[PDB]
Structures are given as C-alpha cells and as structure tokens.
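Single-structure report; data block below.
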Number of protein chains: 4
Amino acid sequence: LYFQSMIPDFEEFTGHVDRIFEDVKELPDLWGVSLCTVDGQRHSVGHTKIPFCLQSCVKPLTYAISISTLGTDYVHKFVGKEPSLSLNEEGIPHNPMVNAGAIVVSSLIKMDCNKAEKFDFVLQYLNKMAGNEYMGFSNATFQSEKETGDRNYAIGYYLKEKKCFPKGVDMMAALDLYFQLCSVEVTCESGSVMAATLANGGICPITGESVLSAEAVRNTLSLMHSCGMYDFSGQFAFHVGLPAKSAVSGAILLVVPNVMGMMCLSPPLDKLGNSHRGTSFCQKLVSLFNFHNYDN
Amino acid sequence: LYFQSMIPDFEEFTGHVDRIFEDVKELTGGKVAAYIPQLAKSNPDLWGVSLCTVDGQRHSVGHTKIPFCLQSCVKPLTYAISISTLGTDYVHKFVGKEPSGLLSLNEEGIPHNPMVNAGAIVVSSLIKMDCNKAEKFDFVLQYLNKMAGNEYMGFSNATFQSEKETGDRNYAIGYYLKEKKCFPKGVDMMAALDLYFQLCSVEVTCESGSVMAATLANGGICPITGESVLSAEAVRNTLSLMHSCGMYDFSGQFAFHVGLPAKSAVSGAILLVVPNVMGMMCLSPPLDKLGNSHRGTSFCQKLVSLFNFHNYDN
Amino acid sequence: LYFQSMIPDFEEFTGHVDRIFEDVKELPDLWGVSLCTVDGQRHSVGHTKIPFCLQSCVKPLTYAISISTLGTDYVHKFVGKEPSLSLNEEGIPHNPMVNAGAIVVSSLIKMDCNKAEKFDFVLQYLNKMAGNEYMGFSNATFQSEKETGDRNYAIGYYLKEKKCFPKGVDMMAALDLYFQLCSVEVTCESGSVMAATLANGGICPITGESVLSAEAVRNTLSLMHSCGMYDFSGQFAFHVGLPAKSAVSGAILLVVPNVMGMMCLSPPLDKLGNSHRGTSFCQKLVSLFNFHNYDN
Amino acid sequence: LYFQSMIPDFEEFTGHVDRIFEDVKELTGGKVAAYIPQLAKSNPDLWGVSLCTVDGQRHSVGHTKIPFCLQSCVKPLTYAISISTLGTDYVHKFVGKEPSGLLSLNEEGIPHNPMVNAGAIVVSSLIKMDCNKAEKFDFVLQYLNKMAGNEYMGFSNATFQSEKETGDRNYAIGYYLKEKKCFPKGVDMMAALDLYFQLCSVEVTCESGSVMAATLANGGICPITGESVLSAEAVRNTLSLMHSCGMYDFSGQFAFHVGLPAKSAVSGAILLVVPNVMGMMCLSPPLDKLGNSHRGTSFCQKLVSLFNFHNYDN
Ligand SMILES: [Cl-]
Ligand SMILES: [Cl-]
Ligand SMILES: [Cl-]
Ligand SMILES: [Cl-]
C-alpha cells in the first residue's frame, strides 16, 4: 500500500528515471543506474552490467552483518555511532563508515576462524543480499590495496597501538579481510538488489530470503544517512535526505526505505571523492519524486 | 492511512504513553540549570508530556499547563520562519547546514548550523531586516502564535532581563560574529542579540508547544486550525537540521537510537516531531551532562522504541 | 667586558647597521631603526623621531610590570607560559603575548584603584623604561579600538564567561585600560631605550634607574623569544634567535641581551602581521653579527 | 672569560652539584616505562649525573657508568649530523622548525620538527641516501663516537628487537609518512624505521653522554679531543630546537623556568646543554606524567636556578 502511493505507475516512473539519467549526461564515460523495488520490479538504464569493486560501498554491508550476527551492544563497544583519522572520547573509531571503523568492524566477524572462512562467511550474506545475482572478486584491486594501501596500514597500526581490536585478533588478518571485501565485485543490477534488501527491512525482495535483522538495517540506514558520503554527508543529508554510501569506484548505493534500492555508477569523482553524476542524479530524482526522508 | 498504521488505536497509545510517563518518574538524576527555588520552572519534579497528532487529537499527562521559556526550542522555529519568508538559498549564505563537532565558524566563514547559538543569532538577524525592533518581534510572534494554533504564548521579562545582564557567552558570540562579518547589511549586532534574547524568553506550555511541534509534523499546516503557517521547504529543512543538530553533543546518540527530529533546551524541554504522526513537548528540568533533560530523553527513547517510530524502523 | 667582545668598535658597528638598513630598502615609506646599548650609546638611522602607537609592543611591558609588582607565582595563576582564540588545559589564556593573555594581565595591575590611576601607574614604569624620553598618547587610536575592536570585546566577554579575571575586576575596565596602553606613543628612539632596559636586566641604561626586577625581565625575554611574533614566532626563534615583539603599527622591539635594545619601524606588514622590512633587517643583522641566542 | 664568570670555582660548583643530587634523592614519585626488573635501566633508584665543561673538566656523581639506550636523546644528534652534512635549506624541505601543539603534519605537509617521532624518522632517512643499511648506521655511529670523544658507546640488541616487534606507534607513523610522501626519493620507509630503531638502541653512559652534550655546548668541537665534529650552523639549529621542542609537552614549562636546550627520553635520561659552559647527562628512570624524568627535571631546575644558567638570566 505505502509503495503504491509512492510509485503508483512503474512504467511512468522508469520513464522519469530515464529522463533524469539523460539530463545528468550533461556533466571512462561509464554511466549506469539500476533500481529494484521492495516488491521486486527492476529497471536499468545505461551501463548496468559492467562489474566494479564495492570498495567503501561494502562498509555498511559488513557493519549490517556484524550487527545481525553479534548485536548492537557488542559491536558498538568497538566502534562509535556518529560523524567524526582519529579516535573518539571513548578511544574508538568514530563510526563504521570511516576506514578505522570499517577495519575494526571487519575484525569482529567470526573471530574464532581463519582468513578463507571469514571471507566466505561474509560472502554468503552478500550473495543473499544480492538475491544470488552477480558477485565476483577483483584480485587486481585486492593486490593493489595490499601493496599500496599505506593509509590503511597506518590506521591498522594505530588501532593496534590504541588497543581497539578484540582480544586475540591479529591486526594484519583484519586488514587483509577488509581489503578482500573492498575487492568484491558487483554490477549496478546486483548492487541494486543489495540496496533493495536494505530498503525492505532486511528481506531480499527477489527471493523472499530473510538476510539481515531489522535492528541491523535500522542502524545501517541511520549511519548511511549521516556518515555515508564522507565530507559531503552533511550536504547530502540536508538536500537529498536518504541513506546512501559512496565509493572511490564512482559507485553510489542509495536506499529509499520501503520503496527501492538503487546503485549508480559513474567513475569521475568530485573534489570530495563522490561520483559527480551519481550525486547529481540522486538530488534530481529525490527533488522530483519527493523521496526526501522529511518530505511531507 | 499512514497515521493509522503507526497508531492503530489512539486510546491504547495514550495508555502506553501514561505508563511510560509513570515509569520514568523513577529517574531522579540530573542537575537543574539556573535553579531558582521560588520558580516552578526550577522544580526538579516538574514532569509533563503533551502531544498533538497531525489530525488534531490531543493527550497531556502531568504538568502540562505550567508556562516555561522556549529558550533553545525557539531556534528551529525562527529558522523555519526565515526559510519560509526568504528561501533556502538566501538563508544559507549566512548559516551552514551541518553539525559542528563536540564555538567556531565553518570553512565558508559562517556558523555551522541554525541550532547552535551562533547560527541562531544570525538567523534572528535575517528576519524583516527593513523594520524596527518592536516589529521584528511581533512578526515572529505572529508566526509562533499560528504554529501554536493560538494556544498559550506568553513572555518572561525576568528571563529576558537576566540574559541581557548575564549572558556573557552570547555577547562573546555576538561580537565575534560582528568581527567576522557574519551579519547581513543594515543589521545592528546588539539589536539582533536583543531580539534573540526576547524570542528565547517567549513562554509556552507543554500543550501549546506540542501543537507547534505538530505543525512541523504536518508539513507546516497547523493541525488544530488548518492554517498553512510554514512552507514545505521550511519544514523539510528544519526537520533535517533538528535530526542532526537538535540535541547538542547528544545529537549523534539521539539520531542513532531514537531517529527523530528533536530540539532540547536548558529548561529541560524536548520538542519532538514524529513526521506525519504527531508533535510532542516534554518538560523535566533536571539535565544530564550534555544539557538534555534526563527524564525527557529517557521517555522519548522508551516511547519511540516501543512504538517503532524511529525514522528508519521497518 | 662582555659588551666589549660583542661590539669592540661602536662607530664601525653603526656603519654596518646603516649598510643593512640601506639594503633592506630594496623591499608610507616610513623606515627607521634606533638602538641603545646597555652602556648608553645611541644610533638612529632613518625615521626615528616619528611617534607611533606601541599597540602589541606594549604587551611584554605590561607583563613585566605585573611580574615586577606581583611576582611570577601570582601572575601565572591567571595567564599561561607557553605558545598556543582559546584557553589552555588549566582554563586560562595561553600566554601574555596573545590578546586574551594581555587583557588578563592588564586586569592584574593595581586592582584596588580606578581607570585614571591604573593608567598613570603603568605610565610611570613606561616613562622610566624609556629614560623619560618621548612618551605620548593617541586618542585617535584609543577611540578607534574602543569603537571597532570587536575581536577584543569578544575575547573580553569570553574571559568573563570563563571566569578568567581576578575577583572584583570589571571586564570592561580592563579592556579600556588595555586599549589605552596600546595607544601609548613612542618614537624609535624612546622605544629603543625601553628595549635597552630589558637588555640590561631591568636597569635603564641612560639613567641608571632600577625599573623592573630580574625575574620580570627573564620571564619577559623568555616569552618574547617564543610568543612575540604571532604565527612567525617559531621561524623567528629558529633563524634569528632573539627576544622580539612585533605590532600592527609595523614596529619591532628587539632585545639583544647584555648588548642593546632596538626599535624598528616600517608600517607595511607581511601576511603574518609583522613588519616586512623590520623582520628582514633583524635577520640580516643577527646573521652578520652572530647575535643569535645559540651562536657560539 | 665567559666560562669563568658562569663558574668562578669548579670545586665549589661540583660541591653544589653533589648537594642538589643528594637532596633530589628525596623525590621518589614517577613511573618507570617498560619496567623489566632484571635490567638495571628499569631500577627506580638508578640516579646519576655527569658533566663535562667546554674546557674538558669532568664531574660524575652516582650511577654514571651504567649503560642505557639513547632512545629520544639521539634525535638531536642525528638532526645535527644531517644539517652538518646537508645544510639547513635541504633538511628543512623535509622537516619543520617549530613546536607542534600538546601526531600530525604541518601546513607544508611535513613533520613539525626533528624532536617528535615523525620528524626524527624523516631526519633518519636523509642520511647518506646513496648507501646501504650497514653503511648508514656506521656513518652515524662514527659521528656519535666523535661527539662522545670516543668514550663509551654500545648497542642493545634486546632493545632494538623489542622496538621492531612491538613499536606499533612508530609503524603507524612510518606508513603515514609514506602515504603523505614525506620521504626523499630512493628511500625505503621500512629501512628508515629500521635505522631509526637501531640509533635509538645505541647505548651510552652518563659520562659519555655528557661529552656528547659538551660537544653541543662547545659549538660542535668535542672538548676532550679538540675535534671539529659538527658545523656551527648544525649546532645552532639543534640547540634552538632542543630549547623549544626537546621535552615533549613539558617543553614550554621547561623553556620558561629553566631556559636551556635539553632533550628528554623515556629511559629517564635528560641531556642538558649550557652553551659555552658545559654538557650534562642525568639519568633517573621514573617518569612524571609528561614522560620526563621526575628527579632529572627537578635536579635541572634546582641547579639552573641556583647558578643563574637560564638563557635570559642577567
Ligand atoms: Cl595484509
Ligand atoms: Cl542586549
Ligand atoms: Cl570599553
Ligand atoms: Cl623494521
């Protein structure tokens, strides 16, 4: 019912999406948008079958998995809940959407097990969030972050120094898993289904599978709202007012709660590290359809 | 329809409100700011909650007809008036749109947002710039009256004179804003402070405050009068900034656990908006360390978590 | 004896001073340098009889007077001792050379008395530091700081809010005195004698009068060394290595301990608010004569 | 002549040194860092002071022949070597010249100064860039030997291996410097860390350390050998930065009350320079809250104030 009021006519709605997508082209030239509604209707326009690495787009997914498997109380002994590297007053990374927090979050998953298993455990949730659609792995990107990710090594050693990891966790193992998860590949199409799972309270809308808890989803959407677009997060919360997560790949994972998930891809980044076209497209779509979280 | 799903049964809902109100009485911690024992506003046991739904249903429990000064609760109201009369583009040349950091100016040389004192002082200055002191006040008071559906609205001259004589923090901010050139042309800093102190001294009750909060919950239309008070744009902006900046240093925790637009004040008030459902005003003077009502905050957390009112609840 | 080794031949020394003064002209066009040795020898070149307001150059003088009359222990309950507005860990202005500290310092002087008397009490020390040479007052500058000094009013109200003043002190009275003292006028010639008093352990070298205590002078020279040139203080300490104080008037009060005091005037300021020519002249003079505090 | 005025009578001077050394034994507060009870360096009662005048007179009292690792005391020595071999202009493209703030990079994107770990790591990297690990070490060790007039100089492999295995703070700094591109061309970050950890593990005694400090007091000429070890420019820079950055967060207090170039270390050492008079090395392991020797600092304050050695004493 709520969905029906927000999008009465799907074909008409996709027509407007296409028009905005087109306008935004007035900005390689990779440009794609896919969406998946909470009742499983789909639309892609442009370059939506090209694989690309999740990179930071994975941060809310791993956080949601940690909450789903361990609960809020425990997770947030190790990572904070608000916008900010550095550490906060309690001596922990500010939130799960900044690198230091995402690294700590990564360390929390299946602490009793090895590298291969941790990865496979996360991957099983990601597969289900995507309704078993396209999910790959870029060894090129993985090896590149391993060899050149000095910023993350610096953060890792700092977290270790400040005692920010759970007992018995090897810092280097946690970094290795974090780099692996950043190297998972999706397309706009599969990514949109993941975002739709978050839009749909943690149930994958193309399979009906329960993937994440309501608590995990609520927490994740809250932190995406406030921390999901790096230095542009405040502007985005004000003008667009929806949970989103950006990445250096030029991806934007956007959630419209109880309506749809979307994944946009356009590699060229603005000064704040967010897709120039993706961001502009979100603003135009939300203004036109009154999807802002505080639209009446 | 949407309201019906969020609150299927009003009477049953008010029954839960009453019970939580009662449970929260067990909480006695916190310190009252600017305690004057003769004054009802300083009573640590003052405790009241009122609400007004977007379709005009009402419920009060406890001390809901005791007047108290809006103080910081006026910040989002004056902001909403400025946007409604001048538009986003113009207002936000003079004030920012985001949280500051647990005060200063931002990268563009302007106060971080309308919910911190420096931003609220600038926002005060923007209203009816071509007119005099009396008229600015009356123009704001007319919007406030209408937001409250013409229910109780007073003025505390004692509070006004007290802030004038001892509000050193705000004078420091005022001179700093002047030094950094943060005010519009033709504005006298001292006049803008004077107006800000006046607006902070406007009095409401839980009941009249709840209606102001309901006007925000209802897209800018006062639900007990049908009047179009604020533009939709004004309300949307206001609710966004209340969500992220409305509870001072507790704003992050509140956004995470409660997930609603709220504004706290040193009076121990909490103006809470549940969009498309209701406005609520809670009052309990004893403050926790971050300056927010110990009981009010606890009550909001319990009510919102029981009823799934968090903005991102499924 | 020590002076004799540092400057064996005064006439030869002044000849080099003149040559540097001249070189620096390759930079109104007000430009003057005066010096006064600790044994009372004098040299001026350029515009050394033009009065100008001490402004910030007064900050170390008022601080020295406070120490001389009240002692270190007491003064430094209210003001800190190191480079940094804001307040420090103990809730007090960082040092006497920043505005907030200079304002608090001003408040400490003759607390039991009125405006006129406070001023006259400070003025009696300043007169004696200058060996009774030129000392005036600019009402233009005083009224201008009163009407336009919003930064200082902001600081004043902040100090009052944070309870940084001694008991019973009216903040506005303290600001008024601080603005008055900033408006005291000297020439390069009279100013050089003040600086020579500091170079000579607190005895005015043209009169033999004991003006300030050894403790006051030592403290003052220490803080001038580290805090006396605003954001350029670290560079200056490293390359020049002498106690100096700059002001917005384009003045530089320079002390060469046990050798001489100097006052330079050149109104055009660099980006950090210090006289472009004055600063350059200090660097060249010190490199040539090996006057750096850590020169062997 | 200048020396004669500062210390008119050597024997009388050493007598006062001895008495202050004795008085300071009453101070037992402080905490020993990285306490290993088998190791002499961890003994809270380890207490020694040696000095060497610029004309080569010597005095030791207490535990002055116990080796200990230079740790941070090596920072100003490696810096002085870099300036002496490469010059100010070149070195200070890679490291700043001033105190940081009670860690990060400065406005120009470089470590704040050579006395903080990040600056000392970069300074390490600058030395003999065209050569290998063994040679860099030996080249620095040769200057250190000469600064110490060929007196005691050792190496603790236990300390070196310990920092390699558990120095997480320094690895974090190292990767950050690499990320921000703070090293010269051709330098491997890990090699520079390894060298820095090696130099920190070089051992001296109070006696040999005092001579190194005397070389700095004497314009770069080792006073017990007459050898020209460091350039005048190197020494002047080094003493300036020790004055302002040498005692971590206590540097301001120390500059104000003591007014001399000094460098503290986590070992409880204090290398103190009295220019044109003497070098001194004090050792007492228990540290105050800011990481400086509780007894050493107190002893320096008492000695300097009694003898008027403050740089701005008249
Ligand atoms: Cl790794
Ligand atoms: Cl006023
Ligand atoms: Cl005044
Ligand atoms: Cl290593």
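Please note that chains go A, B, ... in the order of the structure tokens, that every chain numbers its residues from 1, and that ligands are numbered from 1 in the order shown.
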
Specify as number ranges by chain all residues of chain B found within 6 Å of chain A, counting only C-alpha atoms. B: 98, 219, 236, 240, 252, 312-314

Please identify the residues whose atoms come within 12 Å of ligand 1, using only C-alpha atoms and all ligand atoms, and report them as a PyMOL selection string. chain A and resi 103+115+142-150+152-154+156-157+170-180

Convert the current residue selection to file output with N, CA and C atoms, as a PDB file, in the first residue's frame.
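Once everything was written out, this is out-v3.pdb:
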ATOM      1  N   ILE A 103      37.577  -1.072   9.457  1.00  0.00           N
ATOM      2  CA  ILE A 103      38.612  -2.059   9.806  1.00  0.00           C
ATOM      3  C   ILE A 103      38.310  -2.818  11.111  1.00  0.00           C
ATOM      4  N   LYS A 115      41.310 -16.909   7.597  1.00  0.00           N
ATOM      5  CA  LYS A 115      41.105 -15.914   6.527  1.00  0.00           C
ATOM      6  C   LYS A 115      40.037 -16.346   5.521  1.00  0.00           C
ATOM      7  N   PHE A 142      42.482  -6.166  -5.093  1.00  0.00           N
ATOM      8  CA  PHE A 142      42.952  -6.693  -3.821  1.00  0.00           C
ATOM      9  C   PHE A 142      44.457  -6.524  -3.680  1.00  0.00           C
ATOM     10  N   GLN A 143      45.213  -6.976  -4.682  1.00  0.00           N
ATOM     11  CA  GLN A 143      46.679  -6.905  -4.567  1.00  0.00           C
ATOM     12  C   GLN A 143      47.110  -5.460  -4.538  1.00  0.00           C
ATOM     13  N   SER A 144      46.422  -4.624  -5.281  1.00  0.00           N
ATOM     14  CA  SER A 144      46.790  -3.213  -5.306  1.00  0.00           C
ATOM     15  C   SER A 144      46.636  -2.517  -3.913  1.00  0.00           C
ATOM     16  N   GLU A 145      45.527  -2.775  -3.227  1.00  0.00           N
ATOM     17  CA  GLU A 145      45.308  -2.242  -1.853  1.00  0.00           C
ATOM     18  C   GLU A 145      46.358  -2.844  -0.885  1.00  0.00           C
ATOM     19  N   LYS A 146      46.662  -4.136  -1.013  1.00  0.00           N
ATOM     20  CA  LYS A 146      47.716  -4.734  -0.196  1.00  0.00           C
ATOM     21  C   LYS A 146      49.062  -4.042  -0.358  1.00  0.00           C
ATOM     22  N   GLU A 147      49.413  -3.711  -1.592  1.00  0.00           N
ATOM     23  CA  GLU A 147      50.756  -3.195  -1.848  1.00  0.00           C
ATOM     24  C   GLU A 147      50.834  -1.697  -1.624  1.00  0.00           C
ATOM     25  N   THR A 148      49.756  -0.976  -1.916  1.00  0.00           N
ATOM     26  CA  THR A 148      49.803   0.499  -1.944  1.00  0.00           C
ATOM     27  C   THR A 148      48.967   1.176  -0.861  1.00  0.00           C
ATOM     28  N   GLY A 149      48.247   0.399  -0.042  1.00  0.00           N
ATOM     29  CA  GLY A 149      47.332   0.975   0.917  1.00  0.00           C
ATOM     30  C   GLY A 149      47.991   1.475   2.194  1.00  0.00           C
ATOM     31  N   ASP A 150      48.973   2.364   2.062  1.00  0.00           N
ATOM     32  CA  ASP A 150      49.717   2.843   3.227  1.00  0.00           C
ATOM     33  C   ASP A 150      48.863   3.540   4.280  1.00  0.00           C
ATOM     34  N   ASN A 152      45.825   2.768   5.104  1.00  0.00           N
ATOM     35  CA  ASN A 152      45.178   1.729   5.892  1.00  0.00           C
ATOM     36  C   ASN A 152      46.097   0.975   6.802  1.00  0.00           C
ATOM     37  N   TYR A 153      47.331   0.746   6.373  1.00  0.00           N
ATOM     38  CA  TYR A 153      48.337   0.199   7.275  1.00  0.00           C
ATOM     39  C   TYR A 153      48.600   1.144   8.420  1.00  0.00           C
ATOM     40  N   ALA A 154      48.653   2.435   8.141  1.00  0.00           N
ATOM     41  CA  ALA A 154      48.897   3.396   9.197  1.00  0.00           C
ATOM     42  C   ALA A 154      47.763   3.311  10.210  1.00  0.00           C
ATOM     43  N   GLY A 156      45.692   0.777  10.691  1.00  0.00           N
ATOM     44  CA  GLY A 156      45.792  -0.522  11.336  1.00  0.00           C
ATOM     45  C   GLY A 156      46.748  -0.527  12.529  1.00  0.00           C
ATOM     46  N   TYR A 157      47.965  -0.033  12.321  1.00  0.00           N
ATOM     47  CA  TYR A 157      48.968   0.012  13.413  1.00  0.00           C
ATOM     48  C   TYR A 157      48.554   0.960  14.518  1.00  0.00           C
ATOM     49  N   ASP A 170      44.459 -10.680  15.194  1.00  0.00           N
ATOM     50  CA  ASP A 170      45.656 -10.230  14.514  1.00  0.00           C
ATOM     51  C   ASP A 170      45.283  -9.071  13.556  1.00  0.00           C
ATOM     52  N   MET A 171      45.883  -7.910  13.792  1.00  0.00           N
ATOM     53  CA  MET A 171      45.581  -6.705  13.016  1.00  0.00           C
ATOM     54  C   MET A 171      45.743  -6.929  11.496  1.00  0.00           C
ATOM     55  N   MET A 172      46.817  -7.570  11.123  1.00  0.00           N
ATOM     56  CA  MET A 172      47.123  -7.792   9.705  1.00  0.00           C
ATOM     57  C   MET A 172      46.067  -8.699   9.031  1.00  0.00           C
ATOM     58  N   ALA A 173      45.519  -9.651   9.792  1.00  0.00           N
ATOM     59  CA  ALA A 173      44.444 -10.513   9.283  1.00  0.00           C
ATOM     60  C   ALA A 173      43.177  -9.737   9.050  1.00  0.00           C
ATOM     61  N   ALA A 174      42.907  -8.803   9.948  1.00  0.00           N
ATOM     62  CA  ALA A 174      41.761  -7.966   9.793  1.00  0.00           C
ATOM     63  C   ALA A 174      41.871  -7.033   8.586  1.00  0.00           C
ATOM     64  N   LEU A 175      43.047  -6.472   8.385  1.00  0.00           N
ATOM     65  CA  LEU A 175      43.283  -5.615   7.202  1.00  0.00           C
ATOM     66  C   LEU A 175      43.123  -6.404   5.921  1.00  0.00           C
ATOM     67  N   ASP A 176      43.662  -7.619   5.920  1.00  0.00           N
ATOM     68  CA  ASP A 176      43.616  -8.489   4.761  1.00  0.00           C
ATOM     69  C   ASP A 176      42.169  -8.770   4.390  1.00  0.00           C
ATOM     70  N   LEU A 177      41.329  -9.071   5.390  1.00  0.00           N
ATOM     71  CA  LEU A 177      39.907  -9.314   5.119  1.00  0.00           C
ATOM     72  C   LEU A 177      39.239  -8.051   4.653  1.00  0.00           C
ATOM     73  N   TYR A 178      39.531  -6.924   5.302  1.00  0.00           N
ATOM     74  CA  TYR A 178      38.949  -5.675   4.846  1.00  0.00           C
ATOM     75  C   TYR A 178      39.307  -5.375   3.357  1.00  0.00           C
ATOM     76  N   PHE A 179      40.550  -5.593   2.974  1.00  0.00           N
ATOM     77  CA  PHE A 179      40.938  -5.367   1.572  1.00  0.00           C
ATOM     78  C   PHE A 179      40.234  -6.337   0.626  1.00  0.00           C
ATOM     79  N   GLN A 180      40.081  -7.586   1.050  1.00  0.00           N
ATOM     80  CA  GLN A 180      39.324  -8.539   0.264  1.00  0.00           C
ATOM     81  C   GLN A 180      37.892  -8.117  -0.015  1.00  0.00           C
TER      82      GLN A 180
END

A straight line from CA of residue 270 (chain B) to CA of residue 72 (chain B) spans 9.7 Å

List every residue of region 33-168 of chain B that DSSP, applied to the backbone, labels as strand (DSSP E or B), and write the result as a ChimeraX atom specification. /B:48-53,58-62,68-69,154-155

Restricted to C-alpha atoms, what would the selected residues look like written as an mmCIF file, in the first residue's frame?
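Final file, part-v8.cif:
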data_model
loop_
_atom_site.group_PDB
_atom_site.id
_atom_site.type_symbol
_atom_site.label_atom_id
_atom_site.label_comp_id
_atom_site.auth_asym_id
_atom_site.auth_seq_id
_atom_site.Cartn_x
_atom_site.Cartn_y
_atom_site.Cartn_z
ATOM 1 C CA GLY B 48 4.805 16.817 31.861
ATOM 2 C CA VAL B 49 4.210 15.446 28.392
ATOM 3 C CA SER B 50 1.731 16.611 25.774
ATOM 4 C CA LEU B 51 1.128 15.502 22.245
ATOM 5 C CA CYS B 52 -0.917 16.583 19.288
ATOM 6 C CA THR B 53 -1.425 14.319 16.262
ATOM 7 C CA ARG B 58 -4.593 15.542 21.990
ATOM 8 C CA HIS B 59 -3.287 13.955 25.171
ATOM 9 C CA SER B 60 -1.498 15.508 28.164
ATOM 10 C CA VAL B 61 -0.282 13.863 31.336
ATOM 11 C CA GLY B 62 1.372 15.560 34.326
ATOM 12 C CA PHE B 68 8.147 27.902 30.623
ATOM 13 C CA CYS B 69 10.517 29.834 28.335
ATOM 14 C CA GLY B 154 3.499 34.456 26.967
ATOM 15 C CA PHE B 155 6.712 36.341 27.722
#

Can you check which residues of region 149-233 of chain C DSSP gives as helix (DSSP H, G or I) on the backbone and send them as an NGL selection string? :C and (150-161 or 171-182 or 188-199 or 214-227 or 230-233)

Go ahead and save the residues from that selection, with C-alpha atoms, as a compact mmCIF listing (two decimals), in the first residue's frame.
# COMPACT_ATOMS: atom_id res chain seq x y z
CA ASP C 150 35.04 43.68 18.17
CA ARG C 151 37.59 40.89 18.37
CA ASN C 152 38.73 42.19 21.79
CA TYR C 153 35.21 42.61 23.08
CA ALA C 154 34.53 39.05 22.03
CA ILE C 155 37.63 37.93 23.93
CA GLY C 156 36.69 40.05 26.92
CA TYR C 157 33.19 38.53 27.25
CA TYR C 158 34.60 35.08 26.75
CA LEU C 159 37.15 35.62 29.58
CA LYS C 160 34.35 36.91 31.77
CA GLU C 161 32.18 33.84 30.93
CA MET C 171 35.93 43.26 32.42
CA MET C 172 35.08 46.49 30.58
CA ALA C 173 37.52 48.46 32.79
CA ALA C 174 40.24 46.04 31.98
CA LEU C 175 39.58 46.32 28.23
CA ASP C 176 39.54 50.10 28.49
CA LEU C 177 42.97 50.08 30.15
CA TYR C 178 44.31 47.60 27.65
CA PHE C 179 43.15 49.85 24.76
CA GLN C 180 44.72 52.86 26.44
CA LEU C 181 48.11 51.19 26.82
CA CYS C 182 48.03 50.05 23.19
CA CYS C 188 62.13 54.58 17.53
CA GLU C 189 64.50 56.48 19.81
CA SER C 190 62.48 56.28 23.03
CA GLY C 191 61.35 52.73 22.22
CA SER C 192 64.97 51.63 21.77
CA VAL C 193 65.69 52.77 25.32
CA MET C 194 62.80 50.66 26.62
CA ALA C 195 64.18 47.69 24.79
CA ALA C 196 67.64 48.51 26.24
CA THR C 197 66.21 48.47 29.72
CA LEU C 198 65.15 44.84 29.02
CA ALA C 199 68.59 44.12 27.52
CA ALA C 214 65.47 40.47 37.11
CA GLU C 215 62.77 37.90 37.36
CA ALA C 216 60.35 40.14 35.37
CA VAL C 217 62.94 40.64 32.68
CA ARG C 218 63.90 37.00 32.44
CA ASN C 219 60.29 35.89 32.15
CA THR C 220 59.52 38.61 29.62
CA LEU C 221 62.50 37.81 27.41
CA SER C 222 61.59 34.10 27.53
CA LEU C 223 58.03 34.74 26.35
CA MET C 224 59.15 37.28 23.73
CA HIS C 225 61.51 34.62 22.38
CA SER C 226 58.77 32.08 21.87
CA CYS C 227 55.50 34.05 21.51
CA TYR C 230 52.49 35.79 16.35
CA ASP C 231 52.47 32.92 13.74
CA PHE C 232 56.05 33.84 12.73
CA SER C 233 57.40 33.23 16.27

Contacts of ligand 4, 7 Å or closer, only C-alpha atoms and all ligand atoms, given as a list in words: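 So the residues close to ligand 4 are residues 164, 190, 191, 193 and 194 of chain D.
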
Can you write out the residues you just picked, keeping C-alpha atoms, as a PDB file, in the first residue's frame?
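Full text of again_33.pdb as output:
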ATOM      1  CA  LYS D 164      60.945  -3.909  15.937  1.00  0.00           C
ATOM      2  CA  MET D 190      60.944   0.319   6.420  1.00  0.00           C
ATOM      3  CA  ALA D 191      64.718   0.800   6.050  1.00  0.00           C
ATOM      4  CA  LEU D 193      62.427   2.887  10.532  1.00  0.00           C
ATOM      5  CA  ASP D 194      64.970   0.090  10.977  1.00  0.00           C
TER       6      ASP D 194
END

CA of residue 64 (chain C) to CA of residue 253 (chain C): how many Å, to one decimal? 14.3 Å

Tell me, as a ChimeraX atom specification, which residues lie within 8 Å of residue 164 (chain C), counting only C-alpha atoms; anything in the same chain fewer than 6 positions away does not count. /C:78,91-92,104

Let's have the selection written as a PDB file, in the first residue's frame, with N, CA and C atoms.
ATOM      1  N   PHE C  78      46.835  33.301  36.446  1.00  0.00           N
ATOM      2  CA  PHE C  78      45.803  33.872  35.559  1.00  0.00           C
ATOM      3  C   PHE C  78      46.141  33.803  34.092  1.00  0.00           C
ATOM      4  N   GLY C  91      42.331  26.206  31.915  1.00  0.00           N
ATOM      5  CA  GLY C  91      41.275  27.208  31.683  1.00  0.00           C
ATOM      6  C   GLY C  91      41.700  28.684  31.650  1.00  0.00           C
ATOM      7  N   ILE C  92      42.939  28.963  31.251  1.00  0.00           N
ATOM      8  CA  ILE C  92      43.467  30.335  31.225  1.00  0.00           C
ATOM      9  C   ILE C  92      44.125  30.632  29.861  1.00  0.00           C
ATOM     10  N   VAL C 104      44.013  39.866  30.352  1.00  0.00           N
ATOM     11  CA  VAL C 104      44.043  39.384  31.738  1.00  0.00           C
ATOM     12  C   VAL C 104      45.176  40.036  32.521  1.00  0.00           C
TER      13      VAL C 104
END

How would you report the residues lying within 10 Å of ligand 2, as a ChimeraX atom specification, if you count only C-alpha atoms and all ligand atoms? /B:160-161,163-165,167,170-171,174,189-198

Taking 3 positions as the minimum chain separation for residues in the same chain, which residues sit within 9 Å of residue 55 (chain B) when counting only C-alpha atoms? Answer as a PyMOL selection string. chain B and resi 3+52+218+223-224+277-278
